[PDB]
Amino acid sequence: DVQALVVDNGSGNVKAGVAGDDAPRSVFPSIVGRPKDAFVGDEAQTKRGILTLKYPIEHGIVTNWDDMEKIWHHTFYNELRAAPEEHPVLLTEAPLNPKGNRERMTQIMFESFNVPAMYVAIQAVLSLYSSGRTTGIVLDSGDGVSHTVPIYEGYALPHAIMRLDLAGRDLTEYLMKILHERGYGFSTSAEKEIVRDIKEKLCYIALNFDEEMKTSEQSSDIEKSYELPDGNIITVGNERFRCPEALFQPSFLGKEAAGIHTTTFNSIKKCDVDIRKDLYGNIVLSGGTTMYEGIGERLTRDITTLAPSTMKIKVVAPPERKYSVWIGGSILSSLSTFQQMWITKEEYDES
């Protein structure tokens, strides 16, 4: 008689809550502040003036285990008010996370937090399940990393996962950069949060970039306002679509990386010919950086161009895809079979 906790370990935000909910009840920044013992999440940003702030998760991989343990403690004790030693826990991990990292997270859960049972899930796989599919390719673009993850009959294909060399934080930083054209000087950590919100509220993806540059220059209809915290209004023009264009043209960031269309194509090509149709027909978007208006239409055009013309390209953009990893975890950990999937503390300790 017990309810699992579901924790999606994001580079930018942790999503946490209870199995069987349709959305995480706790979403907070993946930040730990220590004096210049430790503060986490929104409180750390509120006290940035007296704290040094660090991100324990880098491109989806935990790289500061002591600070990550502070994040998990905050999750259980200050967000959920749950005894970790009394609930099963489902924890997410990035595609291609090294087994040594999983083992270190498992050790912390079973020996620091004394969790009684746990299950580790690949983020992209959970998102596929949340879309009602067992086969497809997930493009999961978050704050710190983007992956393309082919999945066949329930399971990722490890040899075909690829990384697109940018994510939402790069897009925030690029908007900060290009707004200097208009005279804006956003640069501090606090200002970066403002610009992240501008990006989310005003950006969009052009269906055809060159044609959008030409139409936006013919009038002011591109321009939109945003009210800053101090009450001043900022106007943003073609930056609205030039910012997320970097997902398709990473050279805008000075990166040689392939864009997200090319990366998706390359990832499908790694898979044997006989399953590619099912992947092209089930391209599923997840994560906050896939939320731009226009993304599905643009991706469809660009992947259709690259792919063999016998293929049928269907890009799926679920409305609640910003939380689809967490939602998939909530579903999985609710199933009548979940109790058979986890590892118990007794098993681990005797292994």
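Just count from 1 along the sequence shown to find any residue number.
Per the record, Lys36 and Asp37 are separated by a gap of 10 or more residues from the deposited sequence that were not modelled. Stretch comparison (278 to 286 versus 309 to 317) by mean CA B-factor in the PDB entry places 309 to 317 on top. Look at the mean CA B-factor for 113 to 121 and for 229 to 237 in the entry; the higher one is 229 to 237.
Residue set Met176, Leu253, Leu90, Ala83: peak C-alpha B-factor at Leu253 (per PDB entry). Highest CA B-factor among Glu211, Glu245, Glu79, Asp272, as stated in the entry: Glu211. Placement of the Cα temperature factor of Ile50 within the chain: highest third of the modelled residues, per the deposited record. Sort the modelled residues of the chain by CA B factor and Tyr155 lands in the lowest third.
The entry lists a Cα temperature factor for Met68 that places it in the middle third of the chain's modelled residues.
Among all modelled residues in this chain, the alpha-carbon of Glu193 has a temperature factor (C-alpha) in the highest third. Among the modelled residues of its chain, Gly185 has a C-alpha B-factor that falls in the highest third, as given in the PDB entry.
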